[PDB]
Amino acid sequence: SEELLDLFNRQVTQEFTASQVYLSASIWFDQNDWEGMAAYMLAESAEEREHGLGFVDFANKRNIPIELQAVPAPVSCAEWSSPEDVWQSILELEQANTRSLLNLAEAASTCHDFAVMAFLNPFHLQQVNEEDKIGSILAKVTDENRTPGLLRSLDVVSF
Amino acid sequence: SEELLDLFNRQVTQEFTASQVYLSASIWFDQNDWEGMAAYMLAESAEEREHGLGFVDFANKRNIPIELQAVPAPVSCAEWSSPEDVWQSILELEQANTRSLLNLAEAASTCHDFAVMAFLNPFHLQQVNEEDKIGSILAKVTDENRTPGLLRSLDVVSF
Amino acid sequence: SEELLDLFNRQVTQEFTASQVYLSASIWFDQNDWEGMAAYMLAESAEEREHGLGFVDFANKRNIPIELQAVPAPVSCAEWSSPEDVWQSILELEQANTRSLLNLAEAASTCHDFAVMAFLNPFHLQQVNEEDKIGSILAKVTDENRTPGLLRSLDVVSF
Amino acid sequence: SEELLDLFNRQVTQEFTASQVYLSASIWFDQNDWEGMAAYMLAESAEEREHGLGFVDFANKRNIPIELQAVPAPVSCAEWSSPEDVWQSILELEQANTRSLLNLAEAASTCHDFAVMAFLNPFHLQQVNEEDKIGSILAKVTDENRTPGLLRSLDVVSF
Amino acid sequence: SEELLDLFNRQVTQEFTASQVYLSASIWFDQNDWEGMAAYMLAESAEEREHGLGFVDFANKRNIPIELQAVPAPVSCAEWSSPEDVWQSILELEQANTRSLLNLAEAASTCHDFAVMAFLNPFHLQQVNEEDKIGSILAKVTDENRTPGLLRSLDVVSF
Ligand SMILES: [Fe+3]
Ligand SMILES: [Fe+3]
Ligand SMILES: [Fe+3]
Ligand SMILES: [Fe+3]
Ligand SMILES: [Fe+3]
Ligand SMILES: [Fe+3]
Ligand SMILES: [Fe+3]
Ligand SMILES: [Fe+3]
Ligand SMILES: [Fe+3]
Ligand SMILES: [Fe+3]
Ligand SMILES: [Fe+3]
Ligand SMILES: [Fe+3]
Ligand SMILES: [Fe+3]
Ligand SMILES: [Fe+3]
Ligand SMILES: [Fe+3]
Ligand SMILES: [Fe+3]
Ligand SMILES: [Fe+3]
Ligand SMILES: [Fe+3]
Ligand SMILES: [Fe+3]
Ligand SMILES: [Fe+3]
Ligand SMILES: [Fe+3]
Ligand SMILES: [Fe+3]
């Protein structure tokens, strides 16, 4: 029961952490002249914040007290050296978003908290979509970067 | 006094110079069947000329006497071999436009010429955007040009 | 600091004084059957008052105490004998508007008051446009008045 | 070859030269408060530059190497004293543009270069119309400047 | 002048011949799955035929007797192995179209046939545009085809 309140607060932190990691990915893309991939990461940064705001709102309604935690500095950017590394980190970030949502559902299920589980259902489906989409972009980015300059042409044309 | 009037006049010449350099870039791109990159240089050539006209207009209003210098012949075209060479020269050109605007601003600041400093503000911000845009284009052109033929795709598809 | 607060209040008084001088010019023109010139002077009166109101509003937001001074009777009217005299006083009123703005900016610069400096930039630019516009009307007025009756045609046709 | 290609280049220089002379006329007119005449010179300035770009564009298509030359400092502004002097230099400039075009056409005829002659036709007709329009303006300006101040109403009303 | 009436007739044959060669080119393109290049050759085939009709129409009005000649079997299809060989034959086709226009204009000039020469003028300018466009396409095709598969995206994306 305390576990439920803890996992809920951690979901908020995880959304906001994802939102900062996305922003760090747009900066890296922008600094390295991948403006289409940057615009994509920027849109994801705003979206992750909207998720965390959606959790905060539900918690206020349900009397789950939210104690906002520190949002840590993203640190992967120190090591990114190609768009491929950035997308790989983004895939790992969404895999962790999926794990924390399942931990939260598990706790809500243990507690028979039907309302929290109903709240979570659209996030579960949305995670399935997002992991698939990022997995597919990573596969494209990886295949295209096998020919010098070719990837640059995707950024420009798509995104 | 003298240094500020001089530099204001020189700014006009620098704008027309850059207009002619963009025209010469447009010619090399056309003669070499890069119509996309040519259309872009041609638009920049008109734009630099409009910058110079804006400086002449302000000088007329502020009674800064303008004397039109000769506009020098562009020199870099005899040595351009690939689009990379052209965008590099264009980057350098814009870096000189920037330094030029800084020197004029510095002379305005010493004279406490608040009107001239205010007039220059939007040009300083525009230079930031311009140097970024050209740096970004140069990085693409340099990356795509590592595969024979791939840069033609950039011109055709996206200019 | 004292200087900047005093100068900022003096700037308000200056704009209202200019508003009354323009009103005085409009009266003289009307009484002397120059209704085109009068209507121009009258739009100028309302505009100077709007400048003084913009300074008042900024001062309220920025906690600069405003103490509204008397607005002195315009005094040039008792000696105006031709439209040339009126336009000449108006040009001098605008040159005096410009210097007070520069002095205020100078005090703002010395105090590192970046907000006040930013607030002043569009007035510096507007004064440039105004002095040029009044200098140019005064040139036309002086030149057309060399033939008896001809200036009367300017008022009717183009104001 | 040789002669034709030379003259074709020189035509582009002539257009840009005229463009700078129009611009210097605009400055003179502005500084001396003839805004109506200055707007017209400024329009011609943009128009002469478009002619030169029409020539560059055709040369690119026809494989006529363009080497862009210095655009000479306009010098007639140092001696202009009144609008008649400016319009008189402008007449002379257009008479030189015309002779310049007739020379080029003469070389094309000699070379049997039918394409170049077809390209030149609308320019010959445009020059006939421009010399006529300028002569007419100069006639009006010379006539009106017989009475002090009267020319000042041409600028204000027309233009 | 038998020479003018013969060359005029030959020009009609030449346009219809070009029409067939273009059709032959679209066939090779289509058979080798270059559908966008194919559509462009087809469009040219129709417009060569229209040029031909335009000559026949003028001739009937000017009383130049037209005797329609055999339109020969296109033969370059036997040699073509890649898109480059096709575009190269198309360039030489247009160079020979230009050349026969120039012979025609020459015979017209000799006869002082002012109406014929006036009739040919837009075709001279059109030929300049065509040779340039084809030059440019062939440069792009040759460049892109330096990487296996790359030319296939030009057909898909740009035709
Ligand atoms: Fe998302
Ligand atoms: Fe999304
Ligand atoms: Fe999320
Ligand atoms: Fe997400
Ligand atoms: Fe997404
Ligand atoms: Fe620009
Ligand atoms: Fe510029
Ligand atoms: Fe620029
Ligand atoms: Fe730009
Ligand atoms: Fe005003
Ligand atoms: Fe105003
Ligand atoms: Fe004011
Ligand atoms: Fe004012
Ligand atoms: Fe005004
Ligand atoms: Fe015109
Ligand atoms: Fe011209
Ligand atoms: Fe002209
Ligand atoms: Fe004109
Ligand atoms: Fe065609
Ligand atoms: Fe044809
Ligand atoms: Fe054709
Ligand atoms: Fe075509």
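In what follows, every chain begins at residue 1, and chains take the letters A, B, ... in the order their sequences are listed. All values below come from the heavy atoms of this structure, side chains included, with hydrogens, waters and symmetry mates left out. Counting starts at 1 for both ligands and their atoms, following the listed order.
- Around the Fe ion (ligand 6), the protein atoms of type N, O or S that sit closer than 2.8 Å are B/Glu44 OE1, B/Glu47 OE2, B/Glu130 OE1.
- Every residue two or more places apart in sequence or in another chain was checked for a ring-ring contact (aromatic ring centres under 6.0 Å, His included) with B/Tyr22, and none qualifies.
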Cut-off 3.5 Å, no hydrogens considered: what does the side-chain donor-acceptor table look like for residues 36-47 of chain A, sequence neighbours left out?
residue	atom	partner	partner atom	Å
A/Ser45	OG	A/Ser19	O	2.8
A/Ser45	OG	A/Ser19	OG	3.3
A/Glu47	OE2	A/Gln126	NE2	2.7

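- Rounding to the nearest 0.5 Å places CG of B/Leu138 at 9.5 Å from CD of B/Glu92.
- Between the side chain of A/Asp85 and the backbone N or O of A/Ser82 there is at least one donor-acceptor pair closer than 3.5 Å.
- In this view, B/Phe119 and B/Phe55, B/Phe58, B/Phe123 satisfy the ring-ring contact (aromatic ring centres under 6.0 Å, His included) rule, not counting sequence neighbours.
- Judged purely by atom type and a 3.5 angstrom limit, A/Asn97 has no side-chain atom pairing as donor or acceptor with the backbone of A/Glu15.
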